[PDB]
Every structure is written in structure tokens, then in C-alpha cells.
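Inspection log for the structure reproduced underneath, given as C-alpha cells.
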Amino acid sequence: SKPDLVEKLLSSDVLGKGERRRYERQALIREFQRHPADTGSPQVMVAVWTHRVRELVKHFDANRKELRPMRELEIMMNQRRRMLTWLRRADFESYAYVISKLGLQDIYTXXXXXXXXXXXXXXXXXXXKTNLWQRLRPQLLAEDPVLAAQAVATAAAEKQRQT
Amino acid sequence: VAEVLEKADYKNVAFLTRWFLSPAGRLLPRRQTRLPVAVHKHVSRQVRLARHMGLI
Amino acid sequence: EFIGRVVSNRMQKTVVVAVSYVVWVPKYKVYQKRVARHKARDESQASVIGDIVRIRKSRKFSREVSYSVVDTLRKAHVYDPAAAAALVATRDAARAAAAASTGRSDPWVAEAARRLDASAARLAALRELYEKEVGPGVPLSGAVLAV
Amino acid sequence: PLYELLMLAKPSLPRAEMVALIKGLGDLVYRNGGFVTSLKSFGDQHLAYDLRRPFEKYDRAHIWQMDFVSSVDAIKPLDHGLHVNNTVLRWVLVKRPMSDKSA
Amino acid sequence: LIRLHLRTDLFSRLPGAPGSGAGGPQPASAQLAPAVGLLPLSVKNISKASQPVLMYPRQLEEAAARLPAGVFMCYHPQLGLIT
Amino acid sequence: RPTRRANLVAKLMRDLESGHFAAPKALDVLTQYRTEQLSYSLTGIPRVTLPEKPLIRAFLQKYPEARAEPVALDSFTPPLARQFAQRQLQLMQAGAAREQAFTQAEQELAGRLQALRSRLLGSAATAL
RNA sequence: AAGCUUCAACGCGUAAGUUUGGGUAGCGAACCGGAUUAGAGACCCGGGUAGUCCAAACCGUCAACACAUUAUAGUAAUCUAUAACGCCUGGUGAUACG
């Protein structure tokens, strides 16, 4: 009985979800690496940042009036953009490998965003005073298809839960 | 004087009435303890919890 | 002859090419870099965006298409999603297979040993390349040994 | 995360129901996969200041401590457990580290 | 970091050998002992990371009299870091 | 508002070369023997920290009579606390840890400690 | 090297002010009352409404100052080489248009 109490202590059930998400964060570092314990290759970086922006975007439809680490949310999004746009130039097979495993589009840069020879399907958006989350939400929805899927899923969920 | 265990987190009356609490329901400030100032601030926090507590 | 990056291929039998040409200004003794855009004929549409191409003057084909594509030097590698999933399969197969064959020797020890001996085999190889190129000599300079 | 609760209790009731009140809080933390480490009271201490602006209960109040390991989901039921009962006045719930360095 | 031992006076102090320097502490005759501060005086970066300047060598002579006494540091691909 | 600079031999030199007048008489002194003017700046505050501080802090915490030797400052013979700390340190670099060295230093230098406490009790009976 | 800067764009933004909802310990514009003085509209004594309080939005300007741009390289700079910047060009005249 007392060993059962010890294993229910040492479980991840009891922890605060800061520590729970940190333990599954080194689970993800065990997943995405090229290697036994590589923690600084750029695939590790973008895996951490993509997962991080997913639990923070859940937290940030939950809390809207937060303002201090929303700067940090921008810092993750911009440094992730820097990391993909570097890694495409640097090691392309790792680039394609990661944004297939995570399932992300291409975000590289009177210009074209490196489309093919033929079949030049395109996606460009240019305008012809906002608050924060009313603009930071649809960008982060826009580049990432998993977040768009979560958006349409929770939209259908609320529309059939109110009905 | 700076024995950490039983003084660092502990809100009970004895240590604070000995060396941390002014007599008129008030506290002993930084100059009257001669203790490391961050540790003093955290135990001053503990004492000032204990002035919100049912004790003191 | 220009060697400059493509930027547009949305365009029939014609690619828009940008070249970094540097103009002098006399006032400040500073070379200012501008980039001009040219329209150039290609024939095979093998130019994906990001390719480094060689354009040359030929007979004009239009009002503003004036060069012709000679050769694409460095190919721009492109995102194929199914091939990317194939690299996912091969890459985690390689990682799991290496960890299973390895897994006391914690796997870092075995891989770092393999990287040490791989670097040693490399250093022996380029050292013997230097040995066949030069002979027994101090690595002072190759400019000294060019005599 | 183990949670101390140096909470107050009504001063001189017959103990037939304050023990039942702790049975209720023990039932509340009994749920959600966690349990009390030690239930250490301090008997009774007369207080330092009066409380209950409505009904004027007074000092001489009773003291209890729970020391329970709980996942964070159980706190909102514990908030109801400490909020609905008018036999208790104040409750202080503190996190404690995994070295089990409790009060 | 790379610690330059600056030449304070009008002699190098080879018997000092201020850290690294010329091997062997023997000049022939000992010299004056001047108290001058540090002889690289008012060094001017005349190339400049925005504007590189080629000075075709007669222009280099005619701008050498524009500035006070001292030696240009120059680059050339066949010769490296030159005067 | 000018600036302090080189001194006296660059200041004599550009006069003395031309045959202005004869020198101040110590020119042979000024030339044959190397100087240094205080070329005054801060290359870095060299606060080179003593290794004997933790050993002397512990020994002065444990035996405070080691604050009370008479000691000749101007002869470089070491005092008793220094042989304490040097004995502990030479047992440290011998390979043992700190506390076993402190115990061996307690055994191997206590004799002068009871000699000193006898001397201090004699001075105590002298003063009172 | 994925670094530096930010033209452009875009957010943060003390406090006032406005729209919406109410009601409100203390704080303190109006409105009436009295005072140094000849008139007194102010300082000061005297009650005290919006607003200060809350929740949502708009505004975004200022001795918002290290008046010390940002960053790197040197031992917390106003010792100063550079990288991208932003701003000034005698004073009075910046308000009016768009």
C-alpha cells in the first residue's frame, strides 16, 4: 500500500502543469532530436517553439487581457520564423523533415515565396488601429494548419454546445 | 543567528518575537537585525504574513 | 554576361531575374548597391524560384524581354511533402535503429566514439592528401613548397 | 505538491462535529488521488484580534492543520469546503517542496 | 583576448622582453631613456567599414603628406598585409 | 585646458639638441639609468584574493585566542595561525579533504595552544 | 551565424477626456458664503457635483530625461573606433490649409 502511495507521489499526475509540460517537453526533446541527447540543434529549437505556442495559444484564448509575456509570445513566433528561414538555406532536408513531422507550411523570404517551376499556386496578403489579441490570434492561426484545425473544431464545438 | 532551518519559512511566534517583531504590534526593520538582506526580506515577508495570520 | 538570382517564374516562358550591380556615386566616394530587374527567356522552365542562373543577350523577343537563360548553376532545393515524409521515415528509422543497436555504454558514449574515429579517419585522409600533394614537410606554407 | 492549511476553527463547540468537519475535508482531499500527510492541531489558542463583523463570534478560536498532497484540480472544491462552512474563519494554503520540508 | 604590450618609449626594451618579442636580449649600445607616453599617436582609420578606399600609390604618396608622420597599413592580395 | 603628458626628458630634449643652454647637471644620470614615469591609468584593479582567508576565518572562529598572539610584523617568521592554515593546506594538496586536514591540524599544533593559554592565564593574573 | 539595426508597418503606453452601466468609505472642478487688499473671479477658510472607483472601447500626444539612440568591442561614461539609424542648420515666425 505504501509503495502504491510512493508511485502515486512520483507520478506526473500530481505536478503543476508547468512541471507536467516541462516533463513532456523533454519527452519531445527525446522525440525530435537527430541524436541521443541533442538539445541545441535548430530542429529542437523549432519543436520547442511550436509546442510552446500551441499551449500558449490555448492559454491565450483563455486569458485575453494578459500583456506582459505576450511580448514573449511574439519573441517565440519571430525567432521561430528566423530559425526556419535560416534552416531552409542551411540544411534543407532537416527543414522539410521538421515541417513535415510538425506539419507546417513554407514561411521563407515584387517577390515570390519560393514556389515551383509550374503550378504556381500563391498566397499573398497585403492591405489596400487594432488591439493585441484581435491581430495576434489570426496570424498564428494563419501560418500553422494545426491551429486552424483547432480553431474550426472549437468553433463547431461552441456552435453545437450553445444550440 | 543565521541558522536557516526553522527560520527561513517558519511563521511561528518564537523566532519573530525574539529577533524580528517590535513591541507595539509592529516589526523590527532591516537596521535592527544585521542579517542578509534578501533572506531578511523573505523572513520579513514571513513575519508580515504572520501579522495577517490570527497570531500576533 | 550576368549571374543573378531569379525572383519570379509566374510568367510564360519568361523569368524575371534580379542582379546585384554596384554603381558608383562620385559625391561620397561610396559604392552604392542597387538591384535592377531583368526579364529573360528560358526554354525548358527548369528554373524554380531561388535558382542561380546565367543570362545573356540574344535577339530581343518582346518589348522588355531581352536576355536568354544559358545555365542554372546552383539548383534551389524545393519542398516536396511526400519526400519530406519519406525523410521522416528514414530519419527516425535511423535514430531508433541506432539506439536499439546501441542500447554501461550510454548511447552518447558510443556515438561520440564513432564521431571521434570518423574525425580521425578524416584527418588521416586529408593528411595523406597533403602527403601526396606535398611530401614530408612542415605545414609552414604551401606557397613555400610551390617551388 | 503538499499543502499546509493553518486554518481557524470555532472555539468551544463539543467536538462531535468539528471532527466531522475535518472528516468532510479529509473526504474532499481523499478524492482526486492524494492524501493527508499528518493532521497536527495546536489544541486551542486565544486569538490576537476579533473577526466575523456579522454575528460577532470572538477570539479563543480553535486551530487545525491538514498537510495534504493534492493535484491542483482539487483546490476549487477545497475553496468551496473552506468557504461554505461558517464554523471556520480564515484558511492559509501554502505550497511545500518535494523534500517534504513541511511546517 | 590578445594583450598587446604597447611600446611606451623610443626603444623596445629587448632586455625587458615585454612578454613576447624579439629573441635574445642584446642590442649593441644602450639608448636614451625617454619618458614619452605611447608612440602610436592619433591613429586614423582612413578606410572605414562603409567606404573602402583604394589609393593608387601616387595618390597614396600625395595623401601621405596630407597626414603626419607614420606608416599606412595596407592590403594587397598577392602580398597580404603590407605597408 | 591642456593635458598632462610626458615629463622632463622629452621636455629637455627639444631644447637641448639645439644648443639652447647647457643642461641641468644630472644629464648623465637622466640618460644612463632607466626610469618610468607613472603613465597613470587602470589596466584592471588587481584585487588578487588571498587563498588563506577561509582557513583563517575558520581558525579565528574556532580558536579566538589566535587573535591574541604577540607577533613581530617586521620579521617574516610566521605566526601560529599561519602554521595552522599552511598545515591544513599542505594536507589539502596532499590529497585529503578539508575537515580531516582540520582535525590533523588540531592534533599537530595543539601543544603551542595550551602553552599560549597558560601564557594568557598568566597575563590574566598579571592584569587582575 | 540563425547575429546587428529598424526605412516602412505594427504594438505597449502614467495621468487626464469621451461613449455605456450603475452606485459610491475618503479625495477633490462647479454653484453659492466669507477673508491680506480699492474693485478679487485666485492664494485661504466652507459645504461639495462630474471625475478619482469598477468592467469594455476610443484617444496615443508630453522637461514620457541617462535630456547620455541602439548594438558590438574594450575597465556601470560625457575616455572613444565602428554598424545601422533618428534629428539640427542664426533668431522672431508652427499657426492656417491639405
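Chains as they are written, first to last, in the working numbering: chain A, 12 to 174; chain B, 1291 to 1346; chain C, 73 to 219; chain D, 1008 to 1110; chain E, 4 to 86; chain F, 199 to 326. All C-beta atoms, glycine included, are put in the ideal place defined by N, C-alpha and C.
Buried or exposed for residue i, please, with buried defined as at least 16 other CB atoms from any protein chain shown within 10 angstroms of its CB.
{"i": "residue 24/A", "result": "exposed"}
{"i": "residue 108/A", "result": "buried"}
{"i": "residue 106/C", "result": "exposed"}
{"i": "residue 227/F", "result": "exposed"}
{"i": "residue 1093/D", "result": "exposed"}
{"i": "residue 222/F", "result": "exposed"}
{"i": "residue 253/F", "result": "buried"}
{"i": "residue 46/E", "result": "exposed"}
{"i": "residue 1306/B", "result": "buried"}
{"i": "residue 1009/D", "result": "buried"}
{"i": "residue 74/A", "result": "exposed"}
Whose Cβ in chain C lies nearer than 9 Å to the Cβ of residue i?
{"i": "residue 54/E", "result": "100, 101, 102 and 103"}
{"i": "residue 117/A", "result": "151"}
Leaving out the 5 sequence neighbours to the left and right, which residues in its chain are closer than 8 Å to residue i when beta-carbon positions are compared?
{"i": "residue 263/F", "result": "311, 314, 315 and 318"}
{"i": "residue 128/C", "result": "73, 74, 139, 140 and 142"}
{"i": "residue 23/E", "result": "8"}
{"i": "residue 265/F", "result": "258"}
For a contact defined as C-beta to C-beta under 9 Å, what are the partners of residue i on chain D?
{"i": "residue 1306/B", "result": "None at all; the shortest Cβ gap to chain D is about 13 Å."}
At the level of alpha carbons, what is the spacing between residue i and residue j?
{"i": "residue 1060/D", "j": "residue 1326/B", "result": "40 Å"}
{"i": "residue 1314/B", "j": "residue 1011/D", "result": "29 Å"}
{"i": "residue 1104/D", "j": "residue 1033/D", "result": "21 Å"}
{"i": "residue 1064/D", "j": "residue 77/A", "result": "41 Å"}
{"i": "residue 1324/B", "j": "residue 1308/B", "result": "14 Å"}
{"i": "residue 304/F", "j": "residue 1320/B", "result": "39 Å"}
{"i": "residue 199/C", "j": "residue 211/C", "result": "11 Å"}
{"i": "residue 232/F", "j": "residue 16/E", "result": "10 Å"}
{"i": "residue 82/A", "j": "residue 255/F", "result": "48 Å"}
{"i": "residue 28/E", "j": "residue 21/E", "result": "11 Å"}
{"i": "residue 166/C", "j": "residue 33/A", "result": "26 Å"}
{"i": "residue 49/A", "j": "residue 56/A", "result": "11 Å"}
{"i": "residue 91/A", "j": "residue 131/C", "result": "46 Å"}
{"i": "residue 1080/D", "j": "residue 1039/D", "result": "8 Å"}
{"i": "residue 302/F", "j": "residue 286/F", "result": "8 Å"}
{"i": "residue 119/C", "j": "residue 103/C", "result": "31 Å"}
Cβ closer than 8 Å: which chain B residues qualify as neighbours of residue i?
{"i": "residue 1015/D", "result": "1344"}
Looking only at its own chain, which residues have a Cβ that is under 7 Å from the Cβ of residue i, when we skip the five neighbours before and after it?
{"i": "residue 105/A", "result": "54 and 98"}
{"i": "residue 87/A", "result": "60, 63 and 64"}
{"i": "residue 64/E", "result": "none"}
{"i": "residue 1340/B", "result": "1301, 1306 and 1346"}
DSSP on residue i, reduced to helix/strand/coil?
{"i": "residue 231/F", "result": "coil"}
{"i": "residue 12/E", "result": "strand"}
{"i": "residue 86/C", "result": "strand"}
{"i": "residue 76/C", "result": "strand"}
{"i": "residue 131/C", "result": "coil"}
{"i": "residue 251/F", "result": "helix"}
{"i": "residue 107/C", "result": "strand"}
{"i": "residue 58/E", "result": "coil"}
{"i": "residue 110/A", "result": "helix"}
{"i": "residue 1082/D", "result": "helix"}
{"i": "residue 202/C", "result": "helix"}
{"i": "residue 1301/B", "result": "coil"}
{"i": "residue 1011/D", "result": "strand"}
Determine the chain F residues that contact residue i at a beta-carbon separation under 8 Å, and present them in chain order.
{"i": "residue 103/E", "result": "Any property of residue 103/E remains undetermined from this structure, which presents chain E solely from 4 to 86."}
{"i": "residue 86/E", "result": "By Cβ distance, chain F contributes nothing, its closest Cβ being about 26 Å from residue 86/E, past 8 Å."}
Under 7 Å between beta-carbons, which chain F residues line up against residue i? List them in chain order, please.
{"i": "residue 40/E", "result": "203, 204 and 237"}
Interface residues of chain E around residue i at Cβ under 7 Å?
{"i": "residue 232/F", "result": "36"}
Give the interface partners of residue i over in chain A, defined as CB-CB distance under 7 Å, in chain order.
{"i": "residue 1040/D", "result": "19 and 24"}
Got a sec? Which residues, its chain only, sit under 6 Å from residue i by beta carbon, not counting five neighbours each side?
{"i": "residue 71/A", "result": "none"}
{"i": "residue 152/A", "result": "158, 159 and 162"}
{"i": "residue 1100/D", "result": "1010 and 1012"}
{"i": "residue 136/C", "result": "111"}
Please compile the residues from chain B whose C-beta is within a distance smaller than 7 Å of the C-beta of residue i.
{"i": "residue 1097/D", "result": "1344"}
Using the beta-carbon of each residue, which ones in chain A are nearer than 8 Å to residue i?
{"i": "residue 1106/D", "result": "Under the 8 Å cutoff, chain A gives no residues; its nearest Cβ is about 13 Å from residue 1106/D."}
Going by the C-beta, is residue i closer than 7 Å to any heavy atom of the ligand ZN?
{"i": "residue 198/C", "result": "As far as ligands go, the structure on display features none, and thus does not contain the ligand ZN."}
Could you name the residues of chain D that residue i contacts, counting a contact when the two beta carbons are closer than 7 Å?
{"i": "residue 27/A", "result": "1008 and 1079"}
Mind pulling the chain B residues with CB within less than 9 Å of residue i?
{"i": "residue 1054/D", "result": "1344 and 1345"}
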